[PDB]
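Coming up is one lone chain in structure tokens, specifically the form solved without this ligand.
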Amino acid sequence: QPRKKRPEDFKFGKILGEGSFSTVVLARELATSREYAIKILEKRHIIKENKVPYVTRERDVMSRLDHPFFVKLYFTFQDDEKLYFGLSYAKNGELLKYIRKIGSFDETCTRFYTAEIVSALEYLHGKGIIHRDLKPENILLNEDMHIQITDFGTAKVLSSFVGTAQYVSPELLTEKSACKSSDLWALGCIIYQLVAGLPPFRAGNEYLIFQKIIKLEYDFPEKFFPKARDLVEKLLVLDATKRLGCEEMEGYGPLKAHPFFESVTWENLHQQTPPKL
């Protein structure tokens, strides 16, 4: 194993992201010219806010992930005040940037990028890990325009908290729980947003959004691709045991076999060339 890295090992540059308890900065490792997204955390603030379990959860999950559709944790170190996590640099940034940029995706891009997310969730769920806060903001795009999912402090490992309002599953609002199905609900929202250009549950504030969620109060624009629409209806189901892809629905086989994915080769998505946006 290589030595423990230190801040002097890098030339830091721009801020790539900001969270409540962290900041992600682009850094070039001097010895290699390699670029990394270094997530920087202030020890005192983490302790002060009782966030140690989250940071720990992230380091632990992101270390064990070994799949192209995920941001990778490459190393950690600290100084007197700070924790540094060396992450994959996803040069093209957030999927959200692209939804905004181009408005809404065509069927080819929707199908392709949905398939990668699905293929990612299949990997994640196979390891007994639930993201819990999946969204266009943490589904990033690398230089080659393949997805790289990040942001795992709120993940749960199978053998309390609430994600972003638009993507919160109903089980979370009605009994504090989360299952793999919760990610499949997030997926349903994300497909809707790729197609429609907006998340399906929208309102003046969080309360109102939550209220629409528990009543399943949303609907499709006219232009929505019919197969996409049908797929979204199989995901946005109040009963979590009845979402396509969950264990009670017999998993990812039936999900991947949905007619929306007719033209997908599931086997080597990462090797395929993404459709142009």
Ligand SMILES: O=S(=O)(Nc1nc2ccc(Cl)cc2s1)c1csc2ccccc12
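We number the residues from 1 along the sequence you see.
The same protein also has a form solved in complex with this ligand, omitted here; what follows describes it.
Of the candidates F105, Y192, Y84, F112, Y84 is the one whose heavy atoms come within 4.5 Å of this ligand in the deposited bound form; the others do not. Three-residue candidate spot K43, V55 and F77; every residue lies within 4.5 angstroms of this ligand in the deposited bound form by at least one non-hydrogen atom. Contact between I47 and this ligand in the deposited bound form is found at the 4.5 Å heavy atom cutoff. Residue contact with this ligand in the deposited bound form: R28 places no heavy atom within 4.5 Å of it. Not displayed here, this ligand is kept clear of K227 by more than 4.5 Å at the level of heavy atoms in the deposited bound form. Although the partner is absent here, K234 lies well away from this ligand in the deposited bound form, with no heavy atom inside 4.5 Å.
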